[PDB]
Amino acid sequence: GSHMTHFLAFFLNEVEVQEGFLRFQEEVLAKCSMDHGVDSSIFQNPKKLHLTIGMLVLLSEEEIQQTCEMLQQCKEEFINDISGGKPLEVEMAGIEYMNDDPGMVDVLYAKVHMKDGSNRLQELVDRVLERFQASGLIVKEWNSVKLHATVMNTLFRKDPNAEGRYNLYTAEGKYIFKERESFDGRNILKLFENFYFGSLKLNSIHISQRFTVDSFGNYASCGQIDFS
């Protein structure tokens, strides 16, 4: 099938980055609230800030442990060379949208780039996807994995537990065509194009699910590997 059960992601919810995000939210809501469709319900939950690298379809208890066993293989084959036994110092700075009309934005993202300006982060998630394409546990991704994190999504107005294409209108088998609503981001982009949310040290790839949360709303890991 193609009903994403779990996904692989970096958890990006350090207290520093959350506060930069909260700072970002209130300034946007102060200087851009009159803009169309712009309110707080479309903002991300600061405790769920993350960078998704892959969608998985896991069906058995064994397939989970297989994924964990399979992430460890990534650690030995290539992640150790890229990481060098030390984390990846990265920055969450700048915003971007993927469509062509900044007046009709459906999703807004915060860019994630290596602090040392290198390319190591991209090759990490790219090689990880390869190692999983051989297993038939990953959903086919047409585009490339973009190194960014969601910060605004109009779907959060209707479904705060949405994960991109996996939401209340697409769950499982009943694909429903509700035309997505948009917001005007022309002012947000002119004021906050290069907003600095914060820096963090990426050290873990987690298996998570849209509803597998802890008592505060964070994502709960279903298994992970560590770079150091």
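In case it trips you up, residue 1 is the first one in the sequence shown, and so on.
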Mean C-alpha B-factor comparison - 99 to 107 and 127 to 135, higher one = 127 to 135
Assert higher mean C-alpha B factor (62 to 70 or 40 to 48, deposited values) equals 62 to 70
From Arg157, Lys140, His113, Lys146, the top C-alpha temperature factor is at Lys140
What third of its chain's C-alpha B-factors does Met152 belong to: lowest, middle or highest?
-> lowest
Could you look up the Cα B-factor of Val57 in the entry and say which third of the chain it sits in: lowest, middle or highest?
-> highest
Chain-wide C-alpha B factor ranking for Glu172, given as lowest, middle or highest third = highest
By the entry's values, the third containing the CA B factor of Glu26 is the lowest
By the record's CA B-factor, is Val90 among the lowest, middle or highest third of residues in the chain?
-> middle
